[PDB]
Structure formats: C-alpha cells, structure tokens
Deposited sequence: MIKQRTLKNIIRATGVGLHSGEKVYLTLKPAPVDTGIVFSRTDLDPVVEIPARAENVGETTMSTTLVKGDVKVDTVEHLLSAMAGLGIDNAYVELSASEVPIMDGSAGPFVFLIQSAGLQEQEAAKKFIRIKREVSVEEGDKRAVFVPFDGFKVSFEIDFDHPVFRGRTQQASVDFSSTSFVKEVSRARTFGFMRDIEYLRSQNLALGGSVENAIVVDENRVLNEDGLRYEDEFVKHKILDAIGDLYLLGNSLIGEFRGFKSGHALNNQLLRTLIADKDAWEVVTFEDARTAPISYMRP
C-alpha cells in the first residue's frame, strides 16, 4: 500500500526570515502517524504549536502566514512545498522565531536536508484527497482551479507587464519536483521597494535569497536557474499553499495570476464543497495514480 512517511532523523538548519530579517534556527523532527505537519515556536514559553492547515492561515500578503491568536509562523510555503514534493506526511517543524528561514529563496535547501535526514515509511495507509468535480475561485482577472485528474499536475500562467517576459505545466508523476521546480527562487521587483519597505516587509531580502529585477533585467550577477524560473516558482508556491489541505492531492491545479490569498480561498471552497472531493487510500501502490521516490 502507499504508506505514510516521516523523517528518518532530525535535521537542523539556520538562516534569516525574508520578511522579518531575523536569524532563525530550524529543526525538522519525525512525527507519528496522522500527525500532519505541525509548526512549533520554541522561543515562546509555553511553546506555541500551529498545525499547518488551511483553517490556521491568518495572512496572505506576500507570504502564507499561520496564526494562532497573537502568534504567527510566517512564510511557510517554500518549506511546505519541499515536504509535499518528497511526500512527508508527518513532521514537527521547530522554529526559534516567527518566520521560516528563506535559505536561497527556493525549496532546494529543504529538499536536500530532508533527503539527507532520510525518509521513514510508517505502518498506516497514506490518505489522499481526490478531486472529483471542478472547483474554481475567481477574483477580477485572477483565477485558481481544481480539476479532476488521475495523478498530480500543476499548470500556471503569469502576466507581468515587464521586459524580461509566462507559463508552465508539470505532471509530477512523470517529472521530478526536485530537478524541475525545487531550485526556482523567490523574486521581487525593485519597483516594489516602495511597497515592501513601506509595509516593513522583505526586511531580509537580498540577491542571496531572491531574483532581484529592475525595469529591464535580472540584477543577480549569475542570472537565472531556469529560463522560466518565475513561473516555476509560482508553481512551487502553489504546491506549498495546497499542502495546507492536510492531505496530498489527486487532481490538477490551474493558476491564472493567483497567489497566496486566492490559493487559500480555493482550499476553503474545496473543503466546504464535500461533493467535489473524497478521501482515498491505496492498498496496492502498483495501481495508484501517483507515485513517490523510494524512501
């Protein structure tokens, strides 16, 4: 059967929050079956724990923020993307501050650390949420859509009014999340330093953790990791936001200029429409529509 997975070993990492600019220490730990992904602020006394679920998303401005009362865990999406890509069902994520570290701006450092720790299969069937009806949310010209699909696939399209320009579609049962998506970096326009550092955001942002773009070009000296890196990163963001569902998806997501707000809203509409989805397990991995890497 397709079995639940956790980490084989604990792993640690350190870095800076993109938005807050704070040094943060990160600890990923194994967790028992049906725990899901749980974030833990271990700098507070008592320790405050926020399950990574759609219901705990409190802010969606330029990142996906988990919130429980007055306590937040900011920028969960890239880490959650890495967990989903390697099929981690259960894990404690400890943090010494209010934000996941940005690392290099992509999921690469996370997938690397996870696979270094190794994966551990658990004796419980993995639960999947299967999309059985189209579910669509729109707001003005942006749209986010679930469509039934025998597998897992993400299509995205962005329309930035900028000289450097986009669309991509990836089927994750036939192409590698790691090779083709995980290295795609966070990005920001120099245009938006008015906006960002008037809202006191992106305090930790630099060329070390983001593609910086002026009116005409990428300012990073070594340029781009992929020709379509921007749209690839949006796909990475979506995978992260969709994992707040609490179970892995069988279906297709289509994004049209969507982002954190509209992705979360899709999940909330999905959850609410119980005719559009079902929980399923696979007693024989050989007949299942998706597959994962050997542990």
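Checking coverage: what stretches of the deposited chain sequence are missing C-alpha positions?
No C-alpha for residues 166 to 169, nothing else.
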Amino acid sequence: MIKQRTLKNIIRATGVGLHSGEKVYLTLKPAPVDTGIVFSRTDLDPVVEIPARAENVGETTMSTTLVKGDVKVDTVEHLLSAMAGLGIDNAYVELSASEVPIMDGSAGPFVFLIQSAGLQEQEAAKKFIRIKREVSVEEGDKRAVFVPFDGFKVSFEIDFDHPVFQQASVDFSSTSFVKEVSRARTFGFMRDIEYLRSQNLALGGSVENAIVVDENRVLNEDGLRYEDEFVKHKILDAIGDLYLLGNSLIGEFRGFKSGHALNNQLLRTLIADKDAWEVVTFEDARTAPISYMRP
From here on, numbers count along this sequence of modelled residues.
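Only the largest set of C-alpha atoms that superpose within 1.5 Å between the two forms is called the rigid core.
Stretch 19 to 27 versus stretch 273 to 281: after rigid core alignment, which one is farther off in C-alpha RMS in 9 other deposited structures of this protein?
Between 19 to 27 and 273 to 281, greater C-alpha deviation in 9 other deposited structures of this protein belongs to 19 to 27.
Outlying stretch relative to shown form, 127 to 135 versus 217 to 225 in 9 other deposited structures of this protein, C-alpha RMS (core)
Between 127 to 135 and 217 to 225, greater C-alpha deviation in 9 other deposited structures of this protein belongs to 217 to 225.
Could you check which stretch, 239 to 247 or 45 to 53, carries the larger mean CA temperature factor in the entry?
Between 45 to 53 and 239 to 247, it is 45 to 53 that shows the higher mean C-alpha B-factor.
Between 178 to 186 and 155 to 163 (mean CA B-factor, as deposited), the higher
On average, C-alpha B-factors are higher across 155 to 163.
Looking at the C-alpha B-factor values in the deposited entry, which of 24, 271, 285, 18 comes out highest?
Highest CA B-factor of the listed options: 285.
What's the residue among 141, 89, 77, 99 with the greatest CA temperature factor in the PDB record?
Highest CA B-factor of the listed options: 141.
Going by the CA temperature factor in the PDB record, which third of the chain does residue 122 belong to: lowest, middle or highest?
According to the entry, residue 122 has a C-alpha B-factor in the chain's middle third.
Third of chain Cα B-factors occupied by residue 291:
Highest third - that is where residue 291 ends up once the chain's C-alpha B-factors are sorted.
Looking at the entry's B-factor column for C-alpha atoms only, identify whether residue 267 ranks in the lowest, middle or highest third of its chain.
Lowest third, going by the recorded CA B-factors of the chain.
Residue 201's Cα B-factor: lowest, middle or highest third of the chain?
Residue 201: CA B-factor falls in the highest third of its chain.
What third of its chain's C-alpha B-factors does residue 255 belong to: lowest, middle or highest?
It belongs to the lowest third of the chain when residues are ordered by C-alpha B-factor.
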